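Asks: Just passing along the structure, written as structure tokens.
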Amino acid sequence: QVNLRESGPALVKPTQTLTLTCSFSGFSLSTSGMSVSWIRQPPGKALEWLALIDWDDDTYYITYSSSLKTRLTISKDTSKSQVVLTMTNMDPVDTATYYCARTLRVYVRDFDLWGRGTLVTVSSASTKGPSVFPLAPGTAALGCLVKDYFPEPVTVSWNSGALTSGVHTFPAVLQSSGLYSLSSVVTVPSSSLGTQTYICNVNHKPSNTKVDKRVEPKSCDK
Amino acid sequence: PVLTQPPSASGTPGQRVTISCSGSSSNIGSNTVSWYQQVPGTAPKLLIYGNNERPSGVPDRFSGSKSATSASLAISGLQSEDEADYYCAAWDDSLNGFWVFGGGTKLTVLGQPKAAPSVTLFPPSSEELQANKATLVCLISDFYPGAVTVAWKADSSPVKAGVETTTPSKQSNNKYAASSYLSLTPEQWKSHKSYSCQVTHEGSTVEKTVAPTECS
């Protein structure tokens with residue numbers, strides 16, 4: 001299967017160095033003459049190109065933007081099909097989603113395959129894992145409240161991925177405390193409450209925390 | 001060098017609209033322009049390349065052109081799913097060489113049927129109350145256009161503090177979602193017989209209510 005995916009720390013402290021890795025596979029017969037770029041996007045703002053490295057040739061390119069041009073390094077490890085972005089002296093304004101993207105050789109250039117993006121937060125605040133609480137229920141809604149974590153992101157599945165229909169995970173709220181909370185709800189037929197187990201699986205990679213919570217019938221249901 | 005796009009564009013279903021991208025001789029003037037579609041919160045996808053070519057899978061209603069130092073994306077028959085941000089990009093051979101993206105254009109498809117919000121309201125869980133906290137959670141989904149206002153009541157009186165509400169965000173089905181949280185102490189929660197979340201969307205207000213329970 002084709003893939004292109006970014007990995008690296010979700011949190012970095014100001015002045016420290018960020019290292020992100022782009023890994024790919026599944027298109028080895030299309031890599032001749034290709035290049036890989038890093039592109040970022042602060043929340044609610046435009047795409048910004050950072051750097052490009054040629055896969056077969058030795059050249060690389062970096063943005064001329066004055067606040068970035070001395071802080072960026074791009075490199076490659078062909079033995080692993082990886083491209084690495086190293087960015088020094090990180091600042092809170094560098095908080096953004098970082099994407100890697102491919103340009104194939106066929107002077108026609110473009111970014112035809114993109115990774116899913118990886119969120120990087122630059123902050124002095126420490127990572128904090130979530131506390132998960134059940135949200136007890138023709139249909140019924142039940143869910144999980146994922147409270148007080150930092151930084152983003154959290155993902156939520158149900159029944160180990162087995163249950164996907166009727167699931168809805170909401171974007172997080174940012175509290176004045178600086179911590180995030182989010183909720184995930186699944187809408188199910190009422191009568192399935194007695195025949196189906198519902199467990200939310202919460203993953204907070206930044207804190208290396210995973211939580212399974214079974215959602216039971218409401219206690220003191222008056 | 002920068003690429004210049006209008007910050008926003010709009011049309012109604014079935015209309016044909018264009019989005020422009022203005023550059024210079026060293027980018028658009030001498031290199032292929034590409035366009036990208038992005039739903040906020042998800043990765044961009046290639047939409048047009050080589051000035052006027054359509055990547056595999058992209059619907060035929062999308063087309064691109066370029067002349068001199070400006071390029072244009074045309075959408076011929078707006079559909080609901082076309083609501084997105086659109087970026088142009090081009091390589092620039094000046095200086096040491098660099099890519100440039102435009103600032104993006106947010107496209108709204110106006111004149112669509114309204115979709116009223118589904119609202120679910122949860123009370124604090126017994127587990128949270130045991131942890132000396134109380135959160136009411138109002139989840140709002142499947143609405144269009146993407147704007148709501150939320151008001152909370154304690155019994156029949158307006159709530160004056162403790163509410164945090166998210167900005168609306170696009171769902172995968174091109175409708176919007178948002179959530180509102182009311183934080184109380186367990187003592188505040190038990191000091192009223194009900195609480196309500198009232199959601200107003202395009203002048204229409206609905207509400208859900210929950211009531212504390214006590215089993216001693």
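Note on naming: chains are A, B, ... as they come in the structure tokens, residues start from 1 per chain, ligands start from 1 in the order shown.
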Residues of chain B that have any atom at most 7 Å from an atom of chain A: could you tabulate them with the shortest-distance atom pair and the distance in Å to one decimal, using only C-alpha atoms, ordered by chain and increasing number, as a tab-separated table?

Replies:
residue	atom	partner	partner_atom	distance
B:32	CA	A:108	CA	5.8
B:34	CA	A:110	CA	6.1
B:43	CA	A:116	CA	5.5
B:46	CA	A:112	CA	5.4
B:49	CA	A:110	CA	6.4
B:50	CA	A:108	CA	5.6
B:97	CA	A:61	CA	6.8
B:98	CA	A:63	CA	6.0
B:99	CA	A:49	CA	6.2
B:100	CA	A:49	CA	6.6
B:101	CA	A:47	CA	6.4
B:103	CA	A:46	CA	5.3
B:104	CA	A:46	CA	6.2
B:122	CA	A:135	CA	6.5
B:125	CA	A:135	CA	6.4
B:127	CA	A:133	CA	6.7
B:128	CA	A:133	CA	6.6
B:165	CA	A:173	CA	6.9
B:166	CA	A:173	CA	5.6
B:213	CA	A:220	CA	6.3
B:214	CA	A:220	CA	6.7
B:215	CA	A:220	CA	5.8

Asks: Would you export the selected residues with N, CA, C and O atoms as a PDB file, in the first residue's frame, please?

Replies:
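For reference, again_18.pdb as written:
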ATOM      1  N   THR B  32       4.777  25.891 -13.743  1.00  0.00           N
ATOM      2  CA  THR B  32       3.417  25.344 -13.697  1.00  0.00           C
ATOM      3  C   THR B  32       2.708  25.690 -12.388  1.00  0.00           C
ATOM      4  O   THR B  32       3.275  25.562 -11.310  1.00  0.00           O
ATOM      5  N   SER B  34      -0.235  24.920  -9.651  1.00  0.00           N
ATOM      6  CA  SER B  34      -1.079  23.865  -9.136  1.00  0.00           C
ATOM      7  C   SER B  34      -2.037  24.430  -8.103  1.00  0.00           C
ATOM      8  O   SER B  34      -1.817  25.513  -7.536  1.00  0.00           O
ATOM      9  N   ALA B  43      -5.595  17.257   5.740  1.00  0.00           N
ATOM     10  CA  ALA B  43      -4.529  17.566   4.794  1.00  0.00           C
ATOM     11  C   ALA B  43      -5.094  18.079   3.478  1.00  0.00           C
ATOM     12  O   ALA B  43      -6.160  17.650   3.045  1.00  0.00           O
ATOM     13  N   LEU B  46      -4.159  17.574  -3.865  1.00  0.00           N
ATOM     14  CA  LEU B  46      -3.954  18.128  -5.204  1.00  0.00           C
ATOM     15  C   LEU B  46      -5.261  18.120  -6.006  1.00  0.00           C
ATOM     16  O   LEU B  46      -5.935  17.101  -6.106  1.00  0.00           O
ATOM     17  N   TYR B  49      -3.047  20.444 -11.657  1.00  0.00           N
ATOM     18  CA  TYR B  49      -1.605  20.599 -11.784  1.00  0.00           C
ATOM     19  C   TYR B  49      -1.251  20.942 -13.209  1.00  0.00           C
ATOM     20  O   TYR B  49      -2.082  20.832 -14.099  1.00  0.00           O
ATOM     21  N   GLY B  50      -0.005  21.343 -13.432  1.00  0.00           N
ATOM     22  CA  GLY B  50       0.436  21.643 -14.783  1.00  0.00           C
ATOM     23  C   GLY B  50      -0.425  22.700 -15.438  1.00  0.00           C
ATOM     24  O   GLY B  50      -0.696  22.618 -16.636  1.00  0.00           O
ATOM     25  N   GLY B  97      15.794  29.597  -5.378  1.00  0.00           N
ATOM     26  CA  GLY B  97      14.698  28.708  -5.722  1.00  0.00           C
ATOM     27  C   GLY B  97      13.854  28.389  -4.503  1.00  0.00           C
ATOM     28  O   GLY B  97      14.379  28.052  -3.446  1.00  0.00           O
ATOM     29  N   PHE B  98      12.538  28.504  -4.632  1.00  0.00           N
ATOM     30  CA  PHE B  98      11.649  28.203  -3.511  1.00  0.00           C
ATOM     31  C   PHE B  98      10.244  27.993  -4.035  1.00  0.00           C
ATOM     32  O   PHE B  98       9.891  28.493  -5.101  1.00  0.00           O
ATOM     33  N   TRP B  99       9.434  27.255  -3.283  1.00  0.00           N
ATOM     34  CA  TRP B  99       8.011  27.136  -3.572  1.00  0.00           C
ATOM     35  C   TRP B  99       7.264  28.263  -2.902  1.00  0.00           C
ATOM     36  O   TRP B  99       7.649  28.712  -1.819  1.00  0.00           O
ATOM     37  N   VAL B 100       6.179  28.697  -3.529  1.00  0.00           N
ATOM     38  CA  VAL B 100       5.299  29.665  -2.899  1.00  0.00           C
ATOM     39  C   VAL B 100       3.860  29.183  -2.988  1.00  0.00           C
ATOM     40  O   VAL B 100       3.402  28.708  -4.036  1.00  0.00           O
ATOM     41  N   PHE B 101       3.165  29.287  -1.857  1.00  0.00           N
ATOM     42  CA  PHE B 101       1.726  29.086  -1.792  1.00  0.00           C
ATOM     43  C   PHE B 101       1.042  30.436  -1.685  1.00  0.00           C
ATOM     44  O   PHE B 101       1.525  31.332  -1.010  1.00  0.00           O
ATOM     45  N   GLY B 103      -2.294  32.702  -0.314  1.00  0.00           N
ATOM     46  CA  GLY B 103      -2.842  32.829   1.025  1.00  0.00           C
ATOM     47  C   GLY B 103      -4.105  32.020   1.264  1.00  0.00           C
ATOM     48  O   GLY B 103      -4.556  31.910   2.400  1.00  0.00           O
ATOM     49  N   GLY B 104      -4.665  31.449   0.203  1.00  0.00           N
ATOM     50  CA  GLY B 104      -5.867  30.643   0.307  1.00  0.00           C
ATOM     51  C   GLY B 104      -7.148  31.437   0.102  1.00  0.00           C
ATOM     52  O   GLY B 104      -7.237  32.618   0.448  1.00  0.00           O
ATOM     53  N   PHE B 122     -25.479  16.038  28.140  1.00  0.00           N
ATOM     54  CA  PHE B 122     -25.176  15.111  29.225  1.00  0.00           C
ATOM     55  C   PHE B 122     -24.959  15.843  30.537  1.00  0.00           C
ATOM     56  O   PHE B 122     -24.325  16.897  30.580  1.00  0.00           O
ATOM     57  N   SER B 125     -21.157  12.944  35.130  1.00  0.00           N
ATOM     58  CA  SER B 125     -21.155  11.541  35.508  1.00  0.00           C
ATOM     59  C   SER B 125     -20.970  11.399  37.019  1.00  0.00           C
ATOM     60  O   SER B 125     -20.406  12.278  37.674  1.00  0.00           O
ATOM     61  N   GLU B 127     -18.933   9.463  38.376  1.00  0.00           N
ATOM     62  CA  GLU B 127     -17.490   9.387  38.575  1.00  0.00           C
ATOM     63  C   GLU B 127     -16.865  10.772  38.676  1.00  0.00           C
ATOM     64  O   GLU B 127     -15.993  10.999  39.506  1.00  0.00           O
ATOM     65  N   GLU B 128     -17.324  11.711  37.858  1.00  0.00           N
ATOM     66  CA  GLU B 128     -16.755  13.048  37.909  1.00  0.00           C
ATOM     67  C   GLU B 128     -17.142  13.754  39.205  1.00  0.00           C
ATOM     68  O   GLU B 128     -16.327  14.441  39.823  1.00  0.00           O
ATOM     69  N   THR B 165     -17.332  27.407  24.848  1.00  0.00           N
ATOM     70  CA  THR B 165     -17.966  26.878  23.649  1.00  0.00           C
ATOM     71  C   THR B 165     -16.956  26.916  22.512  1.00  0.00           C
ATOM     72  O   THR B 165     -16.231  27.893  22.353  1.00  0.00           O
ATOM     73  N   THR B 166     -16.893  25.842  21.737  1.00  0.00           N
ATOM     74  CA  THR B 166     -15.950  25.776  20.634  1.00  0.00           C
ATOM     75  C   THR B 166     -16.480  26.537  19.430  1.00  0.00           C
ATOM     76  O   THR B 166     -17.683  26.797  19.300  1.00  0.00           O
ATOM     77  N   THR B 213     -29.860  14.168  39.936  1.00  0.00           N
ATOM     78  CA  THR B 213     -30.505  13.115  40.696  1.00  0.00           C
ATOM     79  C   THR B 213     -29.666  12.806  41.926  1.00  0.00           C
ATOM     80  O   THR B 213     -28.449  12.991  41.938  1.00  0.00           O
ATOM     81  N   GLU B 214     -30.332  12.337  42.964  1.00  0.00           N
ATOM     82  CA  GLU B 214     -29.667  12.028  44.213  1.00  0.00           C
ATOM     83  C   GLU B 214     -30.209  10.699  44.707  1.00  0.00           C
ATOM     84  O   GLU B 214     -31.420  10.520  44.806  1.00  0.00           O
ATOM     85  N   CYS B 215     -29.316   9.758  44.990  1.00  0.00           N
ATOM     86  CA  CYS B 215     -29.714   8.481  45.563  1.00  0.00           C
ATOM     87  C   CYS B 215     -28.895   8.228  46.816  1.00  0.00           C
ATOM     88  O   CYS B 215     -27.772   7.730  46.737  1.00  0.00           O
TER      89      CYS B 215
END

Asks: Please identify which residues in region 82-115 of chain B DSSP calls strand (DSSP E) from the backbone, and express them as a VMD selection string.

Replies: chain B and resid 84 to 92 98 to 101 105 to 109

Asks: Quick one: residues within 6 Å of residue 196 (chain B), only C-alpha atoms, excluding same-chain residues fewer than 3 positions away - as a PyMOL selection string?

Replies: chain B and resi 152-153+208-209

Asks: Quick one: everything within 10 Å of residue 30 (chain A), counting only C-alpha atoms, minus sequence neighbours fewer than 2 positions away in the same chain. Send it as a list in words.

Replies: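 Once the adjacent positions are removed, what remains is residues 26, 27, 28, 32, 33, 34, 104, 105 and 106 of chain A.
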
Asks: Take the residues from that selection and write them out as a compact mmCIF listing (two decimals), in the first residue's frame, keeping N, CA and C atoms.

Replies:
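Written out: out-v1.txt:
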# COMPACT_ATOMS: atom_id res chain seq x y z
N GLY A 26 5.60 1.90 -0.83
CA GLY A 26 4.52 1.45 -1.69
C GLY A 26 4.50 2.06 -3.08
N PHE A 27 5.48 2.90 -3.38
CA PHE A 27 5.62 3.43 -4.73
C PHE A 27 7.09 3.49 -5.16
N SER A 28 7.81 2.40 -4.93
CA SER A 28 9.25 2.39 -5.19
C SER A 28 9.59 2.57 -6.67
N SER A 32 12.04 7.69 -9.02
CA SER A 32 13.11 8.26 -9.83
C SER A 32 12.87 9.76 -10.05
N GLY A 33 13.79 10.59 -9.56
CA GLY A 33 13.73 12.02 -9.80
C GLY A 33 12.78 12.77 -8.88
N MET A 34 12.19 12.06 -7.92
CA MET A 34 11.22 12.69 -7.03
C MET A 34 11.91 13.60 -6.00
N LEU A 104 6.61 14.21 -7.84
CA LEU A 104 7.12 13.23 -8.80
C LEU A 104 7.81 13.92 -9.96
N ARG A 105 8.77 13.22 -10.56
CA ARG A 105 9.33 13.64 -11.83
C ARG A 105 8.57 12.97 -12.97
N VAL A 106 8.13 13.77 -13.94
CA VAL A 106 7.52 13.24 -15.15
C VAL A 106 8.21 13.82 -16.38

Asks: Which residues are close to residue 60 (chain B), i.e. within 9 Å by only C-alpha atoms, leaving aside same-chain residues fewer than 4 positions away? Reply as an MDAnalysis selection string.

Replies: chainID B and resid 54 75:76

Asks: With N, CA, C and O atoms kept, could you save the residues just selected as a compact mmCIF listing (two decimals), in the first residue's frame?

Replies:
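Output file again-v6.txt is given in full below:
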# COMPACT_ATOMS: atom_id res chain seq x y z
N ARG B 54 -6.04 17.75 -14.60
CA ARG B 54 -6.80 17.27 -13.46
C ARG B 54 -6.22 15.95 -12.96
O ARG B 54 -6.15 14.98 -13.71
N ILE B 75 -14.71 26.39 -11.09
CA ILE B 75 -15.56 25.30 -10.65
C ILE B 75 -16.90 25.47 -11.37
O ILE B 75 -17.63 26.43 -11.12
N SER B 76 -17.24 24.51 -12.23
CA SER B 76 -18.38 24.67 -13.14
C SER B 76 -19.57 23.85 -12.65
O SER B 76 -19.81 22.73 -13.11

Asks: What separation in Å, quoted to one decimal, exists between CA of residue 68 (chain A) and CA of residue 120 (chain A)?

Replies: 16.0 Å

Asks: Going by DSSP on the backbone, which residues of region 6-179 of chain B come out as alpha helix (DSSP H)? List them as a list in words.

Replies: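 Residues of region 6-179 of chain B classed as alpha helix (DSSP H): residues 126, 127, 128, 129 and 130 of chain B.
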
Asks: B:161, B:147, B:140, B:17: which is nearest residue 114 (chain B), counting only C-alpha atoms?

Replies: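 Going through B:161, B:147, B:140, B:17 one by one, the smallest distance to residue 114 (chain B) is for B:147.
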
Asks: Mind giving me the straight-line distance from CA of residue 200 (chain A) to CA of residue 175 (chain B) in Å, one decimal?

Replies: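 Computed distance, CA of residue 200 (chain A) to CA of residue 175 (chain B), equals 24.2 Å.
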
Asks: Could you give me, as number ranges by chain, the residues within 6 Å of region 205-215 of chain A, counting only C-alpha atoms and dropping anything in the same chain fewer than 5 positions from it?

Replies: A: 10, 127, 129, 134, 198-200

Asks: Hey, can you spit out that residue selection with N, CA, C and O atoms as a PDB file, in the first residue's frame?

Replies:
ATOM      1  N   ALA A  10       5.122  15.775  19.715  1.00  0.00           N
ATOM      2  CA  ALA A  10       3.955  16.641  19.656  1.00  0.00           C
ATOM      3  C   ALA A  10       4.201  17.933  20.420  1.00  0.00           C
ATOM      4  O   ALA A  10       3.467  18.905  20.251  1.00  0.00           O
ATOM      5  N   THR A 127       3.451  18.073  29.556  1.00  0.00           N
ATOM      6  CA  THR A 127       2.415  17.210  29.025  1.00  0.00           C
ATOM      7  C   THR A 127       1.554  16.694  30.169  1.00  0.00           C
ATOM      8  O   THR A 127       2.027  16.477  31.300  1.00  0.00           O
ATOM      9  N   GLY A 129      -1.760  13.886  30.675  1.00  0.00           N
ATOM     10  CA  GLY A 129      -2.662  12.920  30.089  1.00  0.00           C
ATOM     11  C   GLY A 129      -4.101  13.140  30.530  1.00  0.00           C
ATOM     12  O   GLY A 129      -4.362  13.766  31.561  1.00  0.00           O
ATOM     13  N   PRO A 134     -17.370   8.536  31.719  1.00  0.00           N
ATOM     14  CA  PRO A 134     -18.430   8.029  30.853  1.00  0.00           C
ATOM     15  C   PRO A 134     -19.581   9.013  30.748  1.00  0.00           C
ATOM     16  O   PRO A 134     -19.874   9.734  31.696  1.00  0.00           O
ATOM     17  N   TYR A 198     -20.136  -1.164  25.062  1.00  0.00           N
ATOM     18  CA  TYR A 198     -19.537   0.027  24.470  1.00  0.00           C
ATOM     19  C   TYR A 198     -18.337   0.499  25.290  1.00  0.00           C
ATOM     20  O   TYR A 198     -18.468   0.883  26.449  1.00  0.00           O
ATOM     21  N   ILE A 199     -17.165   0.461  24.668  1.00  0.00           N
ATOM     22  CA  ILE A 199     -15.932   0.893  25.307  1.00  0.00           C
ATOM     23  C   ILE A 199     -15.271   1.945  24.426  1.00  0.00           C
ATOM     24  O   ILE A 199     -15.068   1.719  23.239  1.00  0.00           O
ATOM     25  N   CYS A 200     -14.983   3.109  24.991  1.00  0.00           N
ATOM     26  CA  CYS A 200     -14.230   4.102  24.244  1.00  0.00           C
ATOM     27  C   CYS A 200     -12.755   3.864  24.496  1.00  0.00           C
ATOM     28  O   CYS A 200     -12.334   3.587  25.621  1.00  0.00           O
TER      29      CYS A 200
END

Asks: Calculate how many Å separate CA of residue 31 (chain A) from CA of residue 69 (chain A), rounding to one decimal.

Replies: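 Spanning CA of residue 31 (chain A) to CA of residue 69 (chain A) is a straight-line distance of 27.4 Å.
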
Asks: Which residues are close to residue 17 (chain A), i.e. within 9 Å by only C-alpha atoms, leaving aside same-chain residues fewer than 2 positions away? Reply as a compact mmCIF listing (two decimals) with N, CA, C and O atoms, in the first residue's frame.

Replies:
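Resulting contents of result00.txt:
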# COMPACT_ATOMS: atom_id res chain seq x y z
N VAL A 12 7.37 20.57 22.04
CA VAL A 12 8.76 20.99 22.13
C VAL A 12 8.82 22.29 22.93
O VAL A 12 7.93 23.14 22.83
N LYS A 13 9.85 22.44 23.74
CA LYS A 13 9.99 23.64 24.54
C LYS A 13 10.62 24.76 23.73
O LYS A 13 11.43 24.50 22.84
N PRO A 14 10.28 26.01 24.07
CA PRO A 14 10.91 27.14 23.37
C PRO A 14 12.43 27.09 23.46
O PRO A 14 12.98 26.69 24.49
N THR A 15 13.07 27.48 22.36
CA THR A 15 14.52 27.47 22.15
C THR A 15 15.10 26.10 21.82
O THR A 15 16.24 26.01 21.36
N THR A 19 12.72 17.79 15.64
CA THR A 19 13.10 16.88 14.56
C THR A 19 11.87 16.05 14.12
O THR A 19 11.29 15.31 14.92
N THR A 86 14.85 19.26 10.50
CA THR A 86 15.38 19.67 11.80
C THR A 86 15.26 21.17 11.89
O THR A 86 15.76 21.90 11.04
N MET A 87 14.59 21.64 12.93
CA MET A 87 14.28 23.05 13.06
C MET A 87 14.72 23.53 14.44
O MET A 87 14.23 23.04 15.46
N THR A 88 15.63 24.48 14.48
CA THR A 88 16.22 24.91 15.74
C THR A 88 15.53 26.14 16.32
O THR A 88 14.78 26.83 15.63
N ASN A 89 15.77 26.40 17.60
CA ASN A 89 15.27 27.58 18.29
C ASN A 89 13.77 27.75 18.12
O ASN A 89 13.30 28.78 17.66
N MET A 90 13.02 26.73 18.50
CA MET A 90 11.58 26.76 18.28
C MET A 90 10.92 27.83 19.16
O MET A 90 11.37 28.10 20.28

Asks: Of the candidates B:6, B:77, B:123, B:186, which shows the shortest atom-to-atom distance to residue 61 (chain B), using only C-alpha atoms?

Replies: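 Ranking B:6, B:77, B:123, B:186 by distance to residue 61 (chain B), first place goes to B:77.
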